[PDB]
Amino acid sequence: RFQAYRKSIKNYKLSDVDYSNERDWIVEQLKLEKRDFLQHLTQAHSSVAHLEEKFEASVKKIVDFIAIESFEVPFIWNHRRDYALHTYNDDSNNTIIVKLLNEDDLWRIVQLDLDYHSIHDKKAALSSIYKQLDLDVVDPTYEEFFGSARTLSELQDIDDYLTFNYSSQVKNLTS
Amino acid sequence: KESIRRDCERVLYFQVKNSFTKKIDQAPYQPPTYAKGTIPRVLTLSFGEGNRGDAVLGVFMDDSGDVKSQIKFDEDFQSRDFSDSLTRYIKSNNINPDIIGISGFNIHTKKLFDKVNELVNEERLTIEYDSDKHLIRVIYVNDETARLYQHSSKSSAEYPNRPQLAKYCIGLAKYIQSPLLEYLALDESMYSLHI
Amino acid sequence: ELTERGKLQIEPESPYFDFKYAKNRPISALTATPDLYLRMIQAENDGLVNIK
Amino acid sequence: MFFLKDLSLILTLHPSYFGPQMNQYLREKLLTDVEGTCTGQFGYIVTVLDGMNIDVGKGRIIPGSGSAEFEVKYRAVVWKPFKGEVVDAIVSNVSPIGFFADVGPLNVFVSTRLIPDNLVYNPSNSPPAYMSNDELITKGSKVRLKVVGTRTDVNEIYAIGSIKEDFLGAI
Amino acid sequence: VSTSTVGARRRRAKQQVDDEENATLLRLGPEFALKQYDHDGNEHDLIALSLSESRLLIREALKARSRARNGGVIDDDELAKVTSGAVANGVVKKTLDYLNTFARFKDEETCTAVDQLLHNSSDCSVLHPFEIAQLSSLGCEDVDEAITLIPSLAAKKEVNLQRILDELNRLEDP
Amino acid sequence: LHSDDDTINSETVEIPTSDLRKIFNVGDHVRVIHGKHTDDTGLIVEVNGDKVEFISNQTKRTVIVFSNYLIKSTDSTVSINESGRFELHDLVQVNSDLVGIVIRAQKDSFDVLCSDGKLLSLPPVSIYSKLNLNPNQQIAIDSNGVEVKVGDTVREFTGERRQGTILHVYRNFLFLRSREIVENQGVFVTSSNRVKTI
Amino acid sequence: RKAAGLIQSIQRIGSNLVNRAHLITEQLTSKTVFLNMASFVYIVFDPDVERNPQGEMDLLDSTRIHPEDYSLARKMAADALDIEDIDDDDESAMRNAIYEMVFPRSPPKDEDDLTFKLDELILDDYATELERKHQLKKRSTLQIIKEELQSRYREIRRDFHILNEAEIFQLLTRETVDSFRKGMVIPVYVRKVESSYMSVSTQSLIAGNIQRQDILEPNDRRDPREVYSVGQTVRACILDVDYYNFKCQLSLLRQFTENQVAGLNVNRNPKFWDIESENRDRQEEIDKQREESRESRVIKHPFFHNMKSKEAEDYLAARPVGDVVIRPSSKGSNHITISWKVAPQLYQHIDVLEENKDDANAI
Amino acid sequence: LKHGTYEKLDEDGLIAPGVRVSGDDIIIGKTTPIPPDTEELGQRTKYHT
RNA sequence: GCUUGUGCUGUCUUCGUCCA
């Protein structure tokens, strides 16, 4: 099933910096999608500090399992459930287990892992185009909205900006 | 517009996945005084469309998955003869059902269900483990997979000398014995179900 | 808004009648009812309505 | 390609319409039965020139049924694609098996096996597209394709195009 | 449904290679042959039409019909809605959109000049009307491009193709 | 034979069939002689020597069949009789709560028009059952209150004001057959409340 | 594809898989694929067949415990049986201990096996020591091992679903309880007509019933038999549904059958629905339903001429006084206007009302 | 079966003397056996042989 | 609760009927 999912991916093995960016992107995507669950977690478990940091660490560990160790969702759900939940002892010494992630969230993490590679390819192509442009001085707007870019729509916008303002270099390389 | 479309498609995808998970998450029927997950012995009955001409066909499946003693009743199901034949059939020493399943094509199946239930209650037909004694259960069976099974060429090859209604009864009994495998046997046809 | 095809063919029987004259529906609430927005898009693809 | 052709139609009229407005009623019936139709022999009939001054002649009474049969001759503008012809198009839909374009009323389907390999289909793109390094073809984008095969139906025409040759693709 | 003015064509035994439709070989079949006959049986030539000529003709005929139906009292949508038949309305709408988005000549005088240039020219006196329609429609820019798109023009090398294309581009409104 | 010399092209040569191989050009209607894809027609797309690839007409997908199994047939004219379990224009139960009418029939697939108008393409096995409704059940009532049976011509008053002859009846929906709606071979679905009898 | 290859490989080796480890030692599967699939495929263990704890087969191969946790499960089993000569590195003693825990040779009174001693274990301290020594989070794994040891491969699925009244009704009729409820209007086939009750059958064979107060209108006094006949089909409105007995009650009154049109709870909130555009469109649809067909009238009479009023006056201008012309009237086909020349450039139009007309064009 | 009546026949399939007969009425009742169809799918007393 | 079923041989030979 992983081979079927990754059959369309041109290159799956990311570098270390790109892999860390992938983990951060998946954490941000899950934070966006699971906003109500995180709000419920923060409100109903106010006594425990920094639960969202534990959520981030758990999501990063699940991404690590799926990408590097290539564990499928049932194996993670059954034999790696301790990384998907957090436990603490209250003032009354009450053992409380909090379930940070479920099986559907693991499938969503798989989907985001698959999705991010298109963003990575688009970003690599855009950076390559910028390299062939070979500006004498780095454009502050380009780097400013390239570092924070996280969707292919903004990459398309940067591509449009580059092909407009530096159309002469594009014509020279080549309306 | 594209972003909202993608988000709504994701939400609908997860809703459909949860609905299908609710559909296929069923254990086999647990006979009383037996541990959960034990395969029961099943007897299934159906006359088909419920018309005047249609006769009742029965199929008995044991806990090992082998079809035994398919029979055909040659009398009106609203008569005393059908009740006597069913009482003799169930009380036979070679057949020991744990549950009786009934399904059909229209509202005439309610008359068959009521007749069989009344016969079981009145005659006190209890489960024969051959102490505490329990009556055999009569239920309605969801025939989502049986109607596709009866037309499948695999079923026809498996039972060349049997009619379609016998295959429908076998499908109902197999569904009672293992819903998951019956859903799996549909192959490409399980995407056309009402999920 | 309705095109002429939508102006005619949008009958009470049709599933698209629910949102025939909808307005002031926020984007934040669309994800709660995905079927509604998917039906709107499918109606748009038929050339009956336009989502603005 | 558009052409001018001299066409004829046989119109049968019921005796209940044998009135002074017979000619005009026959004209409107001819217009409703000709405008927009698609015949495989001719292609697509788009409009009829001089639509309000068409001669209808004298109708012949069919023996045994009473109804009159009219022979109406008219000149109309007709469009029909030809095998091995290059025409412009507008992409209407994008799919993994290929893209569907529209050439007027005709819908032309081009499979991936007739598309150059560098125009890789990108389903993640918004909207989905067949894109290359220097080319990007999506919904609503102008495309120039060459018609390779034409499939004739009862009252429909299906065309197949290709963009694998030179001076084709995005324009 | 509609029947052409050409009839007969009964059974025979010989089979010919000039029977399949092919734009490249200029084999347009019997119903689209170079020689046609009118309702009076007189000689008639095949009438090709470029997108400019076709657009002018359809606009003129549609506005004449709309004026006639309204008792003799410009928008494409209303003009399309003048016609009867929902499928007919869709077909005429699609043709109007296609013609509008690829109209090389939206002016009557420019189209008249283009037709006069492509007809009265000595080199074009041998050119097939389909070739004329293709040249006036596709809007080619180069002789090599025109030859690749239109294989029939390769065998007619006695045509001043480049200057005719440049005149067409000049007449084309930028 | 065909060659660059005109004098050779006017000669007929009798050649044994054991030394002849068919020539398949791109963009020709060909009908499959024998195999799993028997009686499938379409247009040739790729000619990889012995193996020929063509876009089908019925399934409308590319199919790879050997050149020995192809005959140049310009028209399909496929008859779907003695196949499946469904005659044309049958009212078929798709699943538990879905129904439709067969619009076009194929060797191993069907086209079904739902009561709401959506079109589906399904294999014959995936169809739940065929509804053999009784004649008394196959009766509906128009907006005026006049009974309308199968074969009665009716014409709408709401909407586009179309007209057709009744082909099937399901609940309040009437399946009508019409001459001018060529989009779905005349079959369009309307509720009985929208029509008036003629 | 991997499943078929695995099945073919097993059928090559002998169609029997003795141990989970044979998926690696016999090269049947690769490392990561086996690591995924090891704990989800199981081999049924029969103690009567395997009398040897040191044998090739394994007890834990019939459980959900992964092979990487087999030594963990055997250490749990050994420590639960209060053994003290046990050392972690001695796998043989671990296997003996787990074998005697799961399959004891002398079980106590009313106990099948020694698995009940696992409940005395403090798994929390064991998980803490595992996390300290080996940096493994195994707190849930100890619980899973305990549950699997107490009952090898339980049935984790939910119980068999038993249909309720709505599900039985939907099964037998294919009409949901949403599309068949109070207030809906359906066509029903009448079957019995009596003085006080009427029995009908719906399309889905649900037997209906209508009472005397719901058959006839309040202003009506005729007998029900005279009004309806057997075999006729009529429209009726549902007043009650009995989802268990498949019986329903209906009413044929005008107030129920026709007025109830808006059967859907469309949210027509003014801030969320375009009320005015809907009203304008509906008014235009009524103004289009008011459209009618009309045509001229033809009359055969020597003094009749199809002319207007002014046309008739001009026609009578060329004629002397007393001549009469007849023209159609503007008030309708049932009226005829007769114009006669009173004087030069003076004419009188008289309207004539027609009664007992055989046809519109007739006199 | 035929369109005529069969109520004038006796148990042995023959009409009795003294009975009124009209056109098409059945006076001799005879049947021939036929290999039964797939009606053994279940037709309790109404499968044609 | 109970409902009504939907058609016919062929080929010769002989004897007859009304004209012619």
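Cut-offs used in this document
- Residues numbered from 1 in each chain as written, not as in the entry; some residues may be left out.
- Chains lettered and ligands numbered in written order.
- Part of a larger assembly, values for the part shown.
- Heavy atoms only, no water.
- Pairing = 2+ DSSP bridges.
- Helix = DSSP H or I, 4+ residues; strand = E, 2+ residues; numbered from the N terminus.
- Contact = heavy atoms within 4.5 Å.
- Buried area = accessible area lost by both parts, 1.4 Å probe.
- Salt bridge = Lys/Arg side-chain N within 4 Å of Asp/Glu carboxyl O.
- Polar contact = N/O pair within 3.5 Å; in protein donor to acceptor, adjacent residues only side chain to side chain.
- Nonpolar A, V, L, I, M, F, W, Y, C, P; charged D, E, K, R; others polar.
- Near = heavy atom within 4 Å.
- Buried < 20%, exposed > 50% of the residue type's maximum accessible area, 1.4 Å probe, protein only.
- Domains from an automatic or database assignment.
- Axes fitted to C-alpha atoms, helices over the stretch in contact; angles between N-to-C directions.

Caption draft 1: The arrangement of the sheet that holds strand 10 (residues 129–131) of chain D in detail. Residue and element names in this part refer to chain D. Judged by pairing direction, the sheet is antiparallel, and its three strands sit side by side in the order 9-10-11 without closing on themselves. Both edges of this open sheet fall to strand 9 (120–122) and strand 11 (136–137), since each of them pairs with a single strand only. Both strand 9 and strand 10 contribute to a ladder of three bridges, which runs antiparallel. From the neighbouring strand, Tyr121 faces strand 10, where its bridge partner is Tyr130.

Caption draft 2: Seen up close, the interface of chain F and chain B. In this assembly, ten residues from chain F lie in contact with nine residues from chain B. Both sides of the chain F and chain B interface together cover about 880 Å² of buried area, and 53% of this is carbon and sulfur. When the buried surface of chain F facing chain B is broken down by residue, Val125, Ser126 and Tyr128 of chain F rank first, second and third, together holding 57% of it. Our count for the contact surface shared by chain F and chain B stands at zero salt bridges. Where chain F touches chain B, the interface holds three residue pairs in polar contact. Here the residues of the side of chain F that touches chain B are counted per class, giving four nonpolar, four polar and two charged.

Caption draft 3: Inspection of the protein's contact with RNA strand I at higher detail. Near RNA strand I the following residues occur: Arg52 and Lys111 of chain B, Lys192 of chain G together with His3 of chain H. The contact atoms of RNA strand I, taken as those within 4 Å of the protein, divide so that sugar and phosphate hold 33%. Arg52 of chain B has a polar side-chain atom sitting 2.5 Å from a phosphate oxygen of RNA strand I. In the environment of RNA strand I, a base oxygen lies 3.0 Å from a nitrogen or oxygen atom belonging to the side chain of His3 of chain H. Its residues placed into classes, the surface near RNA strand I shows no nonpolar, one polar and three charged.

Caption draft 4: Structural context of the side chain of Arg65 of chain E. Looking at the secondary structure, you find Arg65 of chain E in helix 1 (residues 51–69). Residue classification places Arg65 of chain E among the buried residues on the basis of a relative accessible area of 9%. Reaching out from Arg65 of chain E, the side chain makes a polar contact with the backbone oxygen of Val48 of chain D at a distance of 3.2 Å. The contact partners of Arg65 of chain E, leaving out residues within four places of it in the chain, are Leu31, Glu35, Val48 and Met52 of chain D together with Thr83 of chain E.

Caption draft 5: Quick look at the domain arrangement of chain D. Residue and element names in this part refer to chain D. Taken as a whole, chain D is organised into domain 1 (1–82) and domain 2 (83–171). For domain 1 versus domain 2, the separation of C-alpha centres amounts to 35 Å. Across the boundary between the two partners, domain 1 contributes eight residues, which contact eleven residues of domain 2. One can count zero salt bridges joining domain 1 with domain 2. Counting across the interface, domain 1 meets domain 2 through two residue pairs in polar contact. Of all the secondary structure elements, the ones that give two or more residues to the side of domain 1 that touches domain 2 are strand 2 (38–39) and strand 3 (43–48). Taken together, the residues of the side of domain 1 that touches domain 2 sort by class into five nonpolar, three polar and no charged.

Caption draft 6: Broad picture of the sheet that holds strand 17 (residues 195–197) of chain F. All names here are of chain F. Across the sheet, which stays open at both edges, the five strands sit in the order 16-15-14-13-17 with antiparallel pairing between neighbours. Whereas interior strands pair on both sides, the edge strands pair on one side only; in this sheet they are strand 16 (187–191) and strand 17. Averaged over all neighbouring strand pairs, the angle between strand axes comes to 50°, with direction disregarded. Sheet topology places strand 15 (residues 173–177) next to strand 16; five bridges connect them, and they run antiparallel. Looking across to strand 16, one finds that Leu174 is bridged to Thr190.

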